[PDB]
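1. below: the sequence, then the experimentally determined structure.
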Amino acid sequence: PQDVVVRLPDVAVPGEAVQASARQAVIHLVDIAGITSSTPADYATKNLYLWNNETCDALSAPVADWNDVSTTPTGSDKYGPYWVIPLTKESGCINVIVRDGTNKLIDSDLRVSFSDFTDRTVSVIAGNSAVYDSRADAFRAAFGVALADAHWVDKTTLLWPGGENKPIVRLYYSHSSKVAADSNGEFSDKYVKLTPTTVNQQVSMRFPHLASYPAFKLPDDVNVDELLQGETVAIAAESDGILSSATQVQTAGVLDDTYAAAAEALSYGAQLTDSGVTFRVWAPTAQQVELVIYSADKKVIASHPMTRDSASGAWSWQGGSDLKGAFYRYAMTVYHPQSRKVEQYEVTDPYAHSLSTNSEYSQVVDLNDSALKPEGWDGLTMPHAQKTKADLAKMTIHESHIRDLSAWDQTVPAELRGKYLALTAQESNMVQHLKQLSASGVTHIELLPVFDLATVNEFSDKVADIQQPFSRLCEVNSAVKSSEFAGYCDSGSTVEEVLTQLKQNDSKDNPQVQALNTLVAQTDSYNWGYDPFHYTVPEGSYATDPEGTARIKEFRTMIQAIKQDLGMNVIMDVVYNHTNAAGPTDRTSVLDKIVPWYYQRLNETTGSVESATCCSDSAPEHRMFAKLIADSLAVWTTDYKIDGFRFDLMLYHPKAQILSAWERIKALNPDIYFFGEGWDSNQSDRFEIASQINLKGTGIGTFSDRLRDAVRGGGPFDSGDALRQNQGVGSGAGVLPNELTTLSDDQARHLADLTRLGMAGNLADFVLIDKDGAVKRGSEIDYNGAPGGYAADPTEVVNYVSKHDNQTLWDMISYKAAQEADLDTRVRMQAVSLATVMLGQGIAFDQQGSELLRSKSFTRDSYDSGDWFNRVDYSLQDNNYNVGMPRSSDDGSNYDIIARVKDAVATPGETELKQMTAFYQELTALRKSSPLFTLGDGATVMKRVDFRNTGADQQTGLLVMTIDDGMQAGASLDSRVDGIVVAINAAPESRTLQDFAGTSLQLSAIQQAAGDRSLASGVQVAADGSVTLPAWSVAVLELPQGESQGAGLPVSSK
Ligand SMILES: [Ca+2]
Ligand SMILES: [Ca+2]
Ligand SMILES: [Ca+2]
Ligand SMILES: [Ca+2]
Ligand SMILES: [Mg+2]
């Protein structure tokens, strides 16, 4: 109360010096440094550099010379100088650099658009790149709250660059209004005073990315709880109280430091107890939280102020058991820093376990009700074991989507198409096909998002799908009436029929199938679904009824049909790395409405929600989102009997957080498998990321992109001719070049190093002979500058050559195969490509439909390309190749290479699909045919797995792997063989192996049984034990085991 008062400068908010007249523009430079009076600093040395180019041309007399200082102010007053600037027209823009001498005062090349500011009278500030409509706007920005680069990281620490070595540094706070200079131009709100200090070790451990920040300390007795109830602003002033800066404050650090210990010990959601129903939501900053109860028809029937727990920041209320089945939301009164208002809105439960249609209301549910279980649910067992590393290694995954599975299948009842329940249609083509894949050794179905997505409208009246009349499309899609396809609104045919008609004159110059599908996408039922609305409710649109609990039992019914009828385990894709939206207004913003700025990751400076994932990046590094994630997985594990989880963008999570969720979930079922994908994240400055490298030895799997790229050819950024030039091992790199490629023998040999290493589990320490005949460890094989091998156990590696994202395997082969490769050869290229995965030691993963040569008509990113481009035809008429040019916005620069390559051979038909399916089941039956294929343990792999045909003189494209079951490896794991040879001859020539002469090698039984339909058809094992391999073939051979264990195929010490 003896304190210096922080205040604005004792001047009025400036008006405008001059308003531009006709064919003029005007620019003010607001001399804020000067208005902080003392010196009337002269403006002669101030000048404008001005020029025309092709974008902004409106200047009338540019002075192109850079060193000409002559463009000095037209005039000036106490707030600074201004410039009158002649122009050619009033519609356009002009380029401006602001200078003192030749020195830039604003580094950014400024541009003033006459579209934005129609009075072409604008203002700018030295050191700021923004262009304001008036000097008042600029003045208020300079002395107003801006950005959010202050971080209240624990109870008594504030990191803020803006306060560095200023004499006055304060935390201002206002419960009910936003902090602002009052009528006196003074900041009269309450404040805490901050004194300079040095960051803790514990704070630098928590926020390494902020450890260079100037630190400040809060009095030890500050009432933290009360400050976090409203707006908080950090302010810095000079010794006379004139404000230097004010910024908003990011509070997630202090929120964990104050509440997370207590709040972690509580359970959340609408919880059926024995004494009724307990509701609890975490809202440590909220002013009020009322529980609103809704009737079935969504009328308010009760509203309860909840009880705040002071230690946790959680709010709770207990009601009657009759509340089971009731709809509810939380009515929040809470300050949101993005809008700087105390907001009032109703939000669904982030811990919701049941919802109304389209997620508008959460719903009280007891998932343990036998009425939400199909008959026998409680005794449902894992058909495949996941205990030992060898168990895990046998995992053979079929990555599928709910509509991809059943949308086009006429043999699924119509009401079940695109539905969880399609999986119960035991006579359908789709289900019978999955049953046979299971019998042959596909072990796992992996589901694309079946949690509650945001992007499909669950109100069936608001949706039109291609099996329905075009008129319905025009009814629900207002853009169709004013499109080139409007005439079809009265046509009388379905949208699928119209798309069929559009194929005929579809081409790179008339991409009309795509053009119509783009509109169909906006309002169909189709999406991959990587758009989280609620993390722990099934998706509503995949139920026959999305209103209420029905989806819970239909979902479990599907889980039962997969494990029990189909005999496969079930993996869920999960997307904890982002939310669909944030802020206080978006319909699908849930977490960020209830605890604002806590669950999203924000830029350290502006406080904007980062979007590096695509969308609204979440903050799994914060304790209560880590809890939300683990609690969520727990429900999917226990109540839905999910056997494994695949994390989208896992490397946006801290390694420690993934490992913590894993230990928590292993406590419920120790056999649950975790894995994820990651290639992009640069969150390394904030924490140790859950990456391929950092996860060595943890037992968390990661998708490997090493064998993928090497066998497909190229990489995901390829476009244009590179898509054809970058051939892979599967499409003839080196051995069957196409007319565009320049791949050298050395490059092709490098691809074979990557593939072999992946077949041995992509281990860091696996020793192999490289392309030049040198000894190398896996970590020493280059993958675009990084260590290639990175795992400790093959169970940490998921191999694949096709997946839902990027082009299907078949479309890649169509891009890259030489013209002379005929259709039958392309089918074998598909099979040899998949043999490197299926016969490798890594866990085997594949896209639903590779066994049908699945195509997407070259679409590279089909997440919103509808039933049309994602079609899988289980009646086996074709593979959905050549059904139209793909989406132009993403594949348009590829139209030239598509048109060139597309019609090289005929489109696969029933004969090729059935042949591929046999190839596929052969490969999966081989993979599970001996324990040697799935050793599980890295040290065992290194002990037993070797390769022949290596070095600079290798026969290009021939992969020969040996797996030892003989004396030098230890126990005999397979009673019937002393060893196994895997020979993949991905080449146009027949090849002969002398490596095994004299050993009584013989072709495996499975392949001999397949006969002329085998991948090994035509293989010759001669008397002397030499082996002839046909072009484009896969052979699995074995050393038969005698009365006891033999010499097998010992690995050589290199
Ligand atoms: Ca103006
Ligand atoms: Ca949904
Ligand atoms: Ca869509
Ligand atoms: Ca044996
Ligand atoms: Mg960053």
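-> Happy to help now that I have it. Residues are numbered from 1 along each chain as shown. Ligands and ions are numbered 1, 2, ... in the order given.

2. so how far is the biggest helix by length in the chain off the chain centroid?
-> Assignment by DSSP state H gives helix 910-927 as the longest helix of the chain. Here helix 910-927 is found 32 Å from its chain centre; the criterion is C-alpha atoms, centre = their mean, to the nearest Å.

3. oh, and call the first residue 20 from now on, that's how I've got it
-> In the new count, where the first residue is 20, that last one comes out as helix 929-946.

4. list of residues touching that helix?
-> 413, 415, 452, 455-456, 459-461, 842-843, 846-847, 849-850, 853-854, 857-858, 863, 869-872, 895-898, 927, 952-953, 1023, 1025-1026, 1029, 1032-1034, 1053, 1055 (C-beta atoms under 8 Å, 6 or more residues apart in numbering). Where you see a C-beta, it was placed from the backbone N, CA and C, and this is true even at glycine.

5. buried ones among those?
-> Applying 16 or more other C-beta atoms under 10 Å to those, the neighbour count classes 413, 415, 452, 456, 459-461, 842, 846-847, 849-850, 853-854, 857-858, 863, 869-872, 895, 897-898, 927, 952-953, 1023, 1025-1026, 1029, 1033-1034, 1053, 1055 as buried.

6. now, those residues that are in helices?
-> Among the buried ones among the contacts of helix 929-946, the members falling in helices (DSSP H) are 452, 456, 459, 842, 846-847, 849-850, 853-854, 857, 1025-1026, 1029.

7. got the residues of the chain near ligand 4?
-> For the chain, the contact set with ligand 4 under C-beta under 5 Å from the ion comprises 984, 991, 993, 1060.

8. redo that, cut-off 6 Å
-> Applying C-beta under 6 Å from the ion, we find that the chain lies next to ligand 4 at 984, 991, 993, 994, 996, 997, 1060, 1064.

9. got the contact list for the first one?
-> Taking C-beta under 8 Å, 6+ apart, we find residue 984 in contact with 951, 963, 991-993, 996-999, 1058, 1060, 1064, 1067.

10. swap in 6 Å and give it another go.
-> 951, 991, 992, 993, 996, 997, 998, 1067 (C-beta atoms under 6 Å, 6 or more residues apart in numbering).

11. which bits of the stretch 470-619 of the chain sit near ligand 2?
-> 471, 472, 475, 477, 552, 558, 559.

12. how far away is the second one from residue 988?
-> Read it as residue 472. Shown here: residue 472 relative to residue 988, a distance of 48 Å by C-beta to C-beta, to the nearest Å.

13. how near is the closest residue to residue 799 other than its chain neighbours to residue 733?
-> For residue 799, ignoring the flanking residues on the chain, the nearest one in space by C-beta to C-beta, 6 or more residues apart in numbering is residue 806 at 7.1 Å. Residue 806 sits 20 Å away from residue 733, going by C-beta to C-beta.

14. neighbour count for the two, which is higher?
-> Set side by side, residue 806 and residue 733 show more neighbours around residue 733, with 22 against 17, by other C-beta atoms under 10 Å.

15. helix, strand or coil: sort out the more buried one for me.
-> Put simply, residue 733 is coil when judged by DSSP: H, G, I helix; E, B strand; the rest coil.

16. isn't it up against residue 745?
-> Yes - using C-beta atoms under 6 Å, residue 733 is in contact with residue 745, at 3.0 Å.

17. just the closest residue of the stretch 770-919 of the chain to ligand 4, please.
-> As assessed by C-beta to the ion, ligand 4 sits closest to residue 860 within the stretch 770-919 of the chain, at 17.3 Å.

18. name the helix or strand for that residue, please.
-> Per DSSP states H and E, residue 860 falls between elements, in no helix or strand.

19. contacts only, for it.
-> Going by C-beta under 6 Å, 6+ apart, residue 860 touches 779, 780, 813, 960.

20. and what of residue 877?
-> 830, 905, 917.

21. just the closest of these to ligand 3, please.
-> The nearest member of the contacts of residue 877 to ligand 3, counting by C-beta to the ion, is residue 905 at 15.1 Å.

22. please name the nearest non-neighbouring residue to the closest one.
-> residue 878 (3.7 Å).

23. also residue 912?
-> Closest to residue 912 by C-beta to C-beta, 6+ apart is residue 738, at 5.4 Å.

24. from residue 304, how far out is the one you found?
-> 47 Å.

25. more crowded one of those two?
-> residue 304 (24 against 15).

26. distance of the more buried one relative to ligand 4?
-> 64 Å (C-beta to the ion, to the nearest Å).

27. the spatially closest residue to that residue that is not a sequence neighbour: how many residues sit nearby?
-> Spatial nearest neighbour of residue 304, chain neighbours left out: residue 247 (5.0 Å); criterion: C-beta to C-beta, 6+ apart. Residue 247 has 21 neighbouring residues, counting by other C-beta under 10 Å.
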